[PDB]
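Just one chain is shown here, as structure tokens, and it is the form deposited in one PDB entry.
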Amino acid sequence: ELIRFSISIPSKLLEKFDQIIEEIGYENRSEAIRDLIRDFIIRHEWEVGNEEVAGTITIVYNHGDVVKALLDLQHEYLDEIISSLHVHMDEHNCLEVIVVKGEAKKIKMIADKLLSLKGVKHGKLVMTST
């Protein structure tokens, strides 16, 4: 069954979108958005409920105060955090990949704590139900 409903997107965005998807080969906006929605579901299902999940927390930030804050938080979740990889990107940007495994609820907690940390510009999760 198909459900029709309205949606409002900033004009400039809709134009780029319409252009991109016609090129790609989509028949219309709905076909293109159903695909975006299928991937979104696949990327975030892990959040529904509280099962054990594993994955990575990628974050970008720049330099000390935050670097010690990230460490201390890695100490708090000794059980869910396996290890973290730090790569010095450029001059005002550092890359941190944090490997985690545990109850989705604690992972969501660690995440919120990282993203809402002074110095952390962004953060993305690639997480899946183990």
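Residue numbers run from 1 along the displayed sequence.
The same protein also exists as the form deposited in another entry; that form is not shown, yet it is the one meant from here on.
Rigid-part membership, decided by the better superposition fit of each C-alpha, differs between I9 and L71 in the motion between the shown form and the other one. Note: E45-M109 Cα separation is 3 Å or more shorter in that other deposited form than here. Panel note: the distance between the CA atoms of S116 and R38 is smaller in that other deposited form than in this form, the difference being 3 Å or more.
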